[PDB]
J.: 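Take a look at the following structure, please.
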Amino acid sequence: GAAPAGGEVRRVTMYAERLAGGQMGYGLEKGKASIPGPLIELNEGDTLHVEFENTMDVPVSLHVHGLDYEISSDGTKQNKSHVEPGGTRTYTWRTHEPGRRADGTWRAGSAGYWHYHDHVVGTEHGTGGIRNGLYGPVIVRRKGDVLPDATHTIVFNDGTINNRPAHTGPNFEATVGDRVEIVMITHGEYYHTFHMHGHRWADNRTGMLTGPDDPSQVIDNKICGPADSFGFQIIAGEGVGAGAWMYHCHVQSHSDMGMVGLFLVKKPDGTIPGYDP
Amino acid sequence: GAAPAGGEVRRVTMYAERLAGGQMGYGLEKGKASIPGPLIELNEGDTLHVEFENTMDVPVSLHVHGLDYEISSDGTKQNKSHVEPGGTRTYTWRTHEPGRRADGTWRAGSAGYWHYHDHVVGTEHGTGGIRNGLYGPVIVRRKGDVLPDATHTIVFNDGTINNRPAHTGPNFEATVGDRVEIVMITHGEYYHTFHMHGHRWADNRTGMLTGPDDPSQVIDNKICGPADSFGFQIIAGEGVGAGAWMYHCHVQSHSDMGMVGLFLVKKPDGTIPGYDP
Amino acid sequence: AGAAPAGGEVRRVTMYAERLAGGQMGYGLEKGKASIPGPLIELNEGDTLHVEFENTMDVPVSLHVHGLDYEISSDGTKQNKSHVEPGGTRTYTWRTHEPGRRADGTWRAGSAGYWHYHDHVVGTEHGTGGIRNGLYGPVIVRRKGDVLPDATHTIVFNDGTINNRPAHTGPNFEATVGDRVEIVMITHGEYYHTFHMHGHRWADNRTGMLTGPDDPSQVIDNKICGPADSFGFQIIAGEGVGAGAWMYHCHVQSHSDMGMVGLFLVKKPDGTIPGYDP
Ligand SMILES: [Cu+2]
Ligand SMILES: [Cu+2]
Ligand SMILES: [Cu+2]
Ligand SMILES: [Cu+2]
Ligand SMILES: [Cu+2]
Ligand SMILES: [Cu+2]
Ligand SMILES: [Cu+2]
Ligand SMILES: [Cu+2]
Ligand SMILES: [Cu+2]
Ligand SMILES: [Cu+2]
Ligand SMILES: [Cu+2]
Ligand code: NA
Ligand code: NA
């Protein structure tokens with residue numbers, strides 16, 4: 001599968017809602033908010049109209065990295081781009097293809113692994129909102145990009161993965177040979193290093209080398225800090241086989257205190273060697 | 001415009017001077033020291049003789065990243081290349097173009113976003129001098145590099161931008177369509193993440209993709225540590241329009257305590273929609 | 001300079017985990033000769049390595065490698081019981097592969113790069129004690145045609161030490177002007193660092209050297225790194241700058257002030273170093 005050329009005007013509804021235990025999340029339908037928020041996928045050239053509604057009792061906003069937006073969709077109190085309690089607003093995101101500018105230089109396209117998050121809860125930089133769970137992934141694909149069999153989002157938010165209690169994953173399941181896309185986002189106060197056992201990727205836009213001329217370092221460990229985002233695709237078990245393959249932050253106290261999960265790679269018969277749950 | 005081939009021998013006078021409040025700065029002329037220090041620009045092949053004078057009552061030095069220098073211009077006490085109080089010294093920086101060696105390998109040129117700083121005030125690694133403001137940017141351009149309409153230097157020094165009081169910018173002004181160059185240097189004890197709203201750049205030498213075959217990640221958020229330097233050029237307002245575009249460190253406590261500033265992008269008539277400080 | 005050949009050899013080596021002085025712990029290829037960092041392993045893409053491993057200590061230990069191909073039975077974790085009991089033995093197998101076009105037209109990245117191995121089970125189930133104690137070492141996998149160096153030096157930022165040495169004690173590395181010197185740089189523990197080399201620079205890519213005039217990788221002399229990061233590069237000692245005692249150090253200011261410093265001692269042909277007075 002390959003991404004097509006973009007150019008569609010898409011729309012979606014988004015809600016900010018309180019969740020259990022002081023948390024807050026984005027959802028695409030009322031009562032269905034999650035942490036991380038829903039995955040938004042666009043092709044270069046697509047436009048996205050996000051009909052947003054704040055269902056909480058405190059102001060919230062929606063700020064996006066990487067994509068084109070006018071200052072009116074910045075999502076900050078400073079620009080009156082926030083949403084009052086009960087309020088509604090339409091945030092508009094646009095994307096563009098790469099291309100040669102009139103001045104002769106190459107204009108980078110929108111394609112990449114991006115994310116959106118709150119910018120007004122607790123502070124005017126969204127410190128409380130991000131801590132509470134108001135973040136989500138955005139993928140913009142370029143014409144011809146390889147499409148995956150599954151996509152999984154891993155957010156290192158302070159000392160947690162996806163706001164979960166320590167030592168509770170998440171885990172992700174695949175079958176040997178699956179083409180698996182990982183979106184990796186970092187938030188909060190701390191730097192982290194993301195490590196995946198049994199697998200590696202290229203440190204470039206897609207995480208895949210373009211061919212024999214791409215000099216990007218191939219890695220299995222990557223330092224990241226607050227609001228960094230990257231992504232990659234792997235072939236599950238390629239050259240290594242089935243198994244419970246760990247991923248974790250490699251900062252030693254962070255892995256010891258529980259930012260660890262499993263990439264559960266199954267044989268075609270659905271079983272995982274060496275793994276007792 | 002485009003950078004010419006280099007090869008000139010250039011001279012400049014530089015002074016280290018005390019500034020108000022225990023600060024120290026470099027300057028091109030007596031009594032005009034600034035933090036950051038003056039921007040030095042060279043073309044690959046140029047030689048620069050810095051006629052240096054220490055107007056201060058403590059030793060100071062000038063150490064440069066990236067450029068060619070002999071051990072006698074290292075700027076360290078260890079090599080006896082510091083400057084005594086009231087003393088003078090000529091620091092020589094050289095640069096070179098890339099090219100094929102005899103062994104067939106490719107020698108990397110000097111071009112890049114670099115910086116200079118003190119190496120002896122407070123400690124033999126310049127911890128006091130750097131804290132006090134003794135740092136500045138150097139740009140070395142390759143023949144053919146695109147030249148910007150303006151260059152702005154942003155230094156994350158511990159918990160400050162350019163040693164400024166918290167919450168005091170700096171702000172930079174441009175018109176929609178301007179080609180704006182940012183030089184980004186980090187110093188001190190902390191890691192940071194630099195983020196720009198509404199704009200993005202390529203993670204490579206120039207900050208611009210060379211063309212459709214360049215696989216560098218396109219980003220708007222970059223982790224950086226002490227003595228890191230990078231730079232890029234953006235088209236102000238490209239695809240997003242005029243506005244007060246924030247830049248800040250994205251480490252949540254840092255943005256909250258005042259590591260924030262504004263990229264004020266004006267329409268040709270001078271208007272900035274919705275700006276209201 | 002020499003060039004790496006195509007790989008595909010099947011090799012075997014013995015490795016031991018051993019206690020060292022001061023509560024330290026190290027890997028070695030011969031009994032009683034363990035070192036921190038552990039021995040440098042070098043493979044050409046396509047090679048297979050069978051590590052006949054023996055744990056001579058009184059605690060379970062493991063061998064976990066980054067980047068290379070290994071089956072789950074060579075993961076080196078308690079999770080899948082691939083650690084080594086006290087006094088026990090185990091064969092760990094590492095494989096590597098060349099890059100190539102898959103049948104579906106996508107490009108498979110090869111194994112080549114700067115990698116490392118370390119313990120994963122001493123103290124905690126992530127090897128916090130083992131790594132702190134010194135159980136780490138470098139692995140280089142070369143691609144056919146990679147340029148070969150005159151010498152290779154490994155620098156590990158482990159917590160606030162270099163190579164588990166006492167503060168301010170280097171290590172120093174010696175070269176002659178013109179030498180092709182390879183640096184392998186590994187980070188472990190709890191802290192981020194920035195590695196800086198005076199007088200020298202490299203390209204931020206797989207090999208540390210630009211492939212030619214079309215490579216847009218940033219050329220740098222300073223690089224941020226965190227726990228279990230690894231990278232490497234080659235420089236021509238003294239190129240364009242001459243002989244001297246060229247410092248390298250973490251550039252986090254308090255780390256350089258506390259002793260995360262060392263010297264790249266670049267000598268004239270007559271063996272002397274101008275300005276270097278110890
Ligand atoms: Cu912001
Ligand atoms: Cu972490
Ligand atoms: Cu953000
Ligand atoms: Cu230094
Ligand atoms: Cu910061
Ligand atoms: Cu932003
Ligand atoms: Cu420095
Ligand atoms: Cu692990
Ligand atoms: Cu350090
Ligand atoms: Cu330096
Ligand atoms: Cu590891
Ligand atoms: Na790169
Ligand atoms: Na990087």
Side-chain angles (χ1 to χ4, degrees), chain A residues 193-199 220-221 244-252 254-256 259-263, chain B residues 61-65 69 74-79 81-82 115-120 123-127 129-130 187-191 225-227, chain C residues 62-66 70 75-80 82 116-121 124-128 130-131 155-162 167 185 187-200 221-229 245-264:
Chain A
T193 48
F194 174 80
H195 174 51
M196 183 178 266
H197 292 210
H199 302 79
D220 72 2
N221 204 92
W245 295 107
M246 296 145 87
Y247 74 93
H248 55 93
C249 178
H250 219 300
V251 174
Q252 291 299 135
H254 296 186
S255 61
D256 294 334
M259 330 151 63
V260 187
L262 299 172
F263 185 34
Chain B
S61 83
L62 182 68
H63 172 69
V64 69
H65 287 241
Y69 50 92
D74 195 31
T76 66
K77 204 151 280 196
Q78 294 81 315
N79 293 318
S81 40
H82 59 304
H115 59 107
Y116 58 85
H117 58 88
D118 163 69
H119 217 290
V120 292
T123 74
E124 298 200 311
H125 286 90
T127 299
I130 296 176
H187 267 304
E189 190 75 14
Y190 314 123
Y191 87 91
Chain C
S62 70
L63 186 60
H64 176 65
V65 70
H66 286 246
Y70 50 92
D75 193 31
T77 63
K78 295 271 271 273
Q79 168 93 45
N80 43 45
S82 50
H116 56 110
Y117 58 87
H118 55 83
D119 169 65
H120 212 297
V121 308
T124 73
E125 300 194 317
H126 293 91
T128 295
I131 295 173
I155 301 167
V156 185
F157 286 176
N158 187 28
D159 288 325
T161 75
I162 308 181
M185 207 276 146
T187 303
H188 271 300
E190 187 71 17
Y191 315 132
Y192 92 91
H193 301 282
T194 53
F195 172 81
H196 175 50
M197 261 195 96
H198 286 222
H200 299 79
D221 71 359
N222 203 86
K223 189 170 158 80
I224 188 174
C225 43
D229 278 339
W246 291 107
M247 330 158 46
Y248 75 89
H249 55 91
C250 182
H251 217 302
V252 178
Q253 289 302 135
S254 78
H255 296 188
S256 66
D257 292 331
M258 287 311 294
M260 295 194 71
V261 302
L263 289 174
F264 186 34

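To find a chain, count down the sequence lines: A is the first, B the second, and so on, and within it residues start at 1. First listed ligand is number 1; within each ligand, the first listed atom is number 1. Below, each value reflects all heavy atoms present in this structure, side chains not excepted, and no hydrogens, waters or symmetry copies.
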J.: If we count only N and O atoms by modelled type, under 3.5 Å, do the side chains of B/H117 and B/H65 hold a donor and an acceptor together?
T.: yes
J.: What N/O/S atom of B/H119 is the closest to the Cu ion (ligand 4)?
T.: NE2
J.: I'd like to know: is the Cu ion (ligand 9) within the 2.8 Å range of an N/O/S atom from C/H251, strictly under that distance?
T.: no
J.: Determine, step by step, whether C/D159 and C/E190 satisfy the side-chain contact (heavy atoms from CB on, under 4.5 Å) criterion, reporting the C-alpha distance in whole Å, the side-chain angles of both residues, the deciding distance to 0.1 Å, and the verdict.
T.: CA-CA 6 Å; C/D159 288 325; C/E190 187 71 17; 3.8 Å; yes
J.: Indicate yes or no for a side-chain donor-acceptor contact from B/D118 to the backbone of B/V120 under 3.5 Å, with no hydrogens or angles considered.
T.: yes
J.: Between C/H126 and the Cu ion (ligand 8), is there a contact where an N/O/S atom of the residue lies under 2.8 Å from the metal?
T.: no
J.: Are any side-chain N or O atoms of C/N158 and backbone N or O atoms of C/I131, one a donor and one an acceptor, separated by less than 3.5 Å?
T.: yes
J.: Looking at C/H193, pick out the N, O or S atom nearest to the Cu ion (ligand 9) and give its name.
T.: ND1
J.: If I take every N, O or S atom of C/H196, is at least one of them less than 2.8 Å from the Cu ion (ligand 4)?
T.: no
J.: Looking at C/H255, which of its N, O or S atoms is the nearest one to the Cu ion (ligand 9)?
T.: ND1
J.: Any sub-3.5 Å donor-acceptor pair from C/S256's side-chain atoms to C/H251's backbone N or O?
T.: no
J.: Tell me which N, O or S atom of A/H248 sits nearest to the Cu ion (ligand 8).
T.: NE2
J.: Could you tell me whether the side chains of A/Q252 and A/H254 share a donor-acceptor contact shorter than 3.5 Å?
T.: no
